[PDB]
Amino acid sequence: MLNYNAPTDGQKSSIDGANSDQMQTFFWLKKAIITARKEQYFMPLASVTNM
Amino acid sequence: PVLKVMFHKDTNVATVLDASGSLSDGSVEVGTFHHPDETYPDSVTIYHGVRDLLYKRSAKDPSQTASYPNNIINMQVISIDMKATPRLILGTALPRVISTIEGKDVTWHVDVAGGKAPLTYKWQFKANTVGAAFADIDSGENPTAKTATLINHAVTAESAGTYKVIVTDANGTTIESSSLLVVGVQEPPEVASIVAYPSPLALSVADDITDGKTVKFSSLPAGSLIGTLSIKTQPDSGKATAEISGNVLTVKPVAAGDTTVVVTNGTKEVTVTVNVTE
Amino acid sequence: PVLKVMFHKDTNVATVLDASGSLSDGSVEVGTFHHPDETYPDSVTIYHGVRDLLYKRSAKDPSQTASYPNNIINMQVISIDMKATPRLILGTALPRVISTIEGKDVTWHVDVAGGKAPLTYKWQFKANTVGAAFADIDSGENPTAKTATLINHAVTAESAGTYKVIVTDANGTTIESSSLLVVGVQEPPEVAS
Amino acid sequence: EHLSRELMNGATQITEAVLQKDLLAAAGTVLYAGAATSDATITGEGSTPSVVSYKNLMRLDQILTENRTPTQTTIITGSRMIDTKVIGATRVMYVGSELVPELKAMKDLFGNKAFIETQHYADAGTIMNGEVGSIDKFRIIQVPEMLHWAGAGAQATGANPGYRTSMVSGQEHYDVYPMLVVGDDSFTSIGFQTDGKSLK
Amino acid sequence: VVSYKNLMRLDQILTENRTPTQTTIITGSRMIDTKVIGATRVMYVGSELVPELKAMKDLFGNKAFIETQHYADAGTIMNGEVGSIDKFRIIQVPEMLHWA
Amino acid sequence: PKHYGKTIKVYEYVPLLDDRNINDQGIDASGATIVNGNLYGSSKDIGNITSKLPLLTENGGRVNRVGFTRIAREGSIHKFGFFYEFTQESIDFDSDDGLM
């Protein structure tokens, strides 16, 4: 009767010993979270004069 | 904590109770076990421990022990009665990392369920400096340290570190949880200008010559550091006398005459108007 | 270890030496930098620190500071002469975990290269029980505790723990490494005869 | 790709902030609410706190009409839908998010609501981007990133009725907020090697 | 007790946070005794709070709560809705939980 | 997915100017290193913006450096369950069938 226990926080399962350990302990979605660009309100009012 | 199990043969009821307590119903002491298992705190509950203790004892006499065919292996008939103090369980834990800029209030809240009765909360702080150990926060200076909620005002660069709370039961069982505070620091904006307050105009006007004015100065960009102020002597020294100590300015008018005082930190100036009435 | 840099304008030679040391050939001090960079110990060497220090000073007068086009930004002509003591490097590190049974000799060995003259060695042991701290191994009882190679005879259950060695330079700089020991125990065979 | 995107976002934000500070620093017609006559004198304690009021908006309107500045928008006549009210606002004023509750609570000459939500005159009218309502002759636009002077106000005592404060040289001081109005043909941008755009 | 200013503050915070808006506003209808509504967010409440919301008053003393039958025409009424106040549309959940 | 533990994590990329962007890459316009990598945080003060603008000069190099940061989130799963029991006499001798 081997037990998974919790590989995170150091509780090794019985099956894995000294030479062995859990390679994988979580999953990574690879999709990040980003924030959009701030709106601009004073720039559109400007009119350009060439220099 | 160690728990004690007592089994009543006639009624098939197993009682779980604290090590100190005892029962006189006629049951016999089967064994003891640790309710939070050291190796597997969460995988194993009370029922498994009680069953493992009962597997050793004999069916004919609970006091004696026997092999497998004579074991107590049927858990359906057996009923477990709980009399021990419930295990201490942390309902909500502090966030792992808290990030804040200097000059903002931060608050930590923790909630503990179960346990004896009169719970005790005690907080500790460890600085990020090398070779530092947890130091108890002075409860007298900060009253909220003893309570579950810890409130700290106007954190600075030195307030960065690791905060850990200790919750103590009546029986002494302890569960702890830790939090980390990260503080970001910005450079001072640099001095743009200096202003004079009570008063920007005329300061304090008193007929009596003995009366001395009080002036306070500040640098407008918020968070800017103002240096040691230097006074350029009042011009018409006959009408008034000016002397500055630290940042506060004291002006004594000798005669009823309007004067102007300029105080400079070495880079920027402020022009102060003095009005004196006889 | 902080290092102090001196630059000689005429010969275009930069001399790196200890903070306390001084040079009288006529050079000037440009600044100070840490040879093992605290944030990046292995990413930055002496050359990068010297270049960053030279970027600030003026080409005409190393005493004064200048903006970009007047800096000392060409490193072909600049030569760096190292007079400071070499950095202390752990040539050989202890195994992370050593596994053995009770009653067997176990040996830890460590090598250190660089540094000044003596590399006084001190060993510490931390008990496996909770609330335990590193304590110095009695050198009087075990003479090998002073030397680099530490040996134990007939390890038992109490011998399990974490072992760390501290190597100290003559100047006071130190480098450390730690190892963990695990021991297996079996039940007594029982008296047959 | 993330590094480049964040770089460009920072660049755009910086340019807009620079434009806003240039516009604020060069305002011609400046009005101080309450009894204050200077930037420092503005305060939230006393008989007369320096908060915006209906008569101050009427003053700003009258001053602007005296300068013959052209109006930006036309009035709205009614629509046949029930519970729709007409509005007579002909100018556009930009305000930060902090002052919006103060504007919503404001009272008119007769003591009723001055603020009119965009919901009433959505029909038979065009609602601009960021519009939250209209008061008197102005239509209010809320810009998320409006700047302000922190600590420029008068010294804050313990009689604070609930206005925002900031710490300056160890003392708490009030904040000051722009409430800006921009007129037609007031300013132009200079474009150097820009190929007809304001910024390259 | 919740007031008008608390709801205004919550909407202000959610606007500063750049949280998206769930619903669009409703203009008027031809039918009489129908009033416009401009709530753009969805709020869930328990059954116990509904009388308190119905008794609420705005800054100037007028009635704050607007029932569904007023704006049933020219609008789509979501499931379980009971009304709408300010920027929020109030939804009644039978099994809402509370701390005691 | 199976065989990967009991956690899911992601990356969140903070903007350049956010307050959470704490790093050690800063170089101010004068050419000296500074504590804060981001030019100014979420500060909206005109004084700070004027003080900390990136200004380039005629002959400029190594004046304005910036840095970036990313943070991580996580969440886990749990297990639940319950059962019930009955006897044969209860099913057979009950007055009402179809109880189960």
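Residue numbers (the entry's author numbering), protein chains in the order written: chain G, 1 to 51; chain F, 2 to 279; chain E, 2 to 194; chain W, 152 to 351; chain V, 202 to 301; chain P, 52 to 151.
Cβ coordinates follow ideal geometry from the N, Cα and C atoms, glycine included.
As DSSP reads the structure, F:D82 sits in a beta bridge with F:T16. In this structure, W:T241 sits away from W:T228, with a CB-CB distance that is not shorter than 8 Å.
For E:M7, the three-state secondary structure derived from DSSP is strand. When the beta-carbon positions are compared, E:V51 and E:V6 come within less than 8 Å of each other. When the alpha-carbon of G:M43 is set against those of W:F338, W:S230, W:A186 and W:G197, the nearest one is in W:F338.
The CB of P:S102 comes closer than 8 Å to the CB of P190, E191, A193 and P222 in chain F, given here in chain order. W:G161 reaches chain P at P66, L67, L68, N89, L90 and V117, counting residues in chain order whose Cβ is nearer than 9 Å. For G:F42, no chain P residue has a Cβ inside 8 Å of its Cβ, as the nearest lies near 14 Å away. Taking a contact to require three or more Cβ pairs closer than 8 Å, the region 122-141 of chain F and the region 160-171 of chain F qualify as touching.
In the three-state DSSP reduction, F:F126 falls in the strand class (E or B).
Around the beta carbon of E:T86, a 10 Å sphere encloses 16 or more other beta carbons of the protein chains shown; the residue is thus reported as buried.
The residue among F:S246, F:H9, F:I176 and F:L230 with its C-alpha nearest the C-alpha of F:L95 is F:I176. Contact with chain W is absent for G:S13, since none of that chain's Cβ atoms lies less than 8 Å from the residue's Cβ. Secondary structure at F:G50: helix, using DSSP grouped into helix, strand and coil. Residue-level contact by beta carbon holds for F:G185 and chain P, with a gap shorter than 8 Å. With respect to the C-alpha of F:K105, the residue from F:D137, F:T40, F:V78 and F:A161 having the closest C-alpha is F:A161. DSSP places F:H35 inside the beta strand (DSSP E), whose first and last residues are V29 to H35. F:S200 sits in coil when the DSSP states are folded into three classes, being neither helix nor strand. Contact holds between the region 190-205 of chain F and the region 259-274 of chain F, because three or more Cβ pairs, one in each stretch, are under 8 Å apart. Residue V:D287 holds the alpha-carbon nearest to the alpha-carbon of V:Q213 among V:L298, V:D287 and V:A265. In this structure the region 75-93 of chain P does not lie against the region 267-274 of chain V, because fewer than three pairs of beta carbons, one per stretch, are closer than 8 Å. Here W:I278 is actually not in contact with W:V243; their C-beta atoms are around 12 Å apart, not less than 8 Å. Between the region 138-150 of chain E and the region 109-120 of chain E there are three or more C-beta pairs closer than 8 Å, enough to call the two in contact.
Under the DSSP definition of a beta bridge, W:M318 partners with W:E323.
The C-alpha of F:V262 is placed about 17 Å away from the C-alpha of F:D212. By the Cβ rule, the region 241-258 of chain F counts as touching the region 212-229 of chain F, because three or more pairs are nearer than 8 Å. Residue F:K233 holds the alpha-carbon nearest to the alpha-carbon of F:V264 among F:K233, F:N129 and F:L24.
Annotated three-state conformation of P:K103 is coil, per DSSP. Each of F:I47, F:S179 and F:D11 was checked against the Cα of F:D38, and the nearest Cα belongs to F:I47. In the structure shown, G:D9 falls within a helical segment according to DSSP collapsed to helix, strand and coil.
The Cβ of E:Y41 sits no closer than 8 Å to any Cβ of chain P. E:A146 and E:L182 have their C-alpha atoms some 17 Å from each other. Linking F:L202 to W:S248 through their CA atoms gives a straight-line distance of about 34 Å.
Within chain W, the residues whose beta carbon sits less than 8 Å from that of V:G229 are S230, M232, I233, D234, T235 and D274, listed in sequence order.
Close CB contacts of F:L54 within its chain, under the 7 Å cut and outside five residues either way in sequence, are with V6, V31, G32 and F34 (chain order).
Fewer than three pairs of CB atoms, one per stretch, sit closer than 8 Å, so the region 15-28 of chain F makes no contact with the region 3-19 of chain G.
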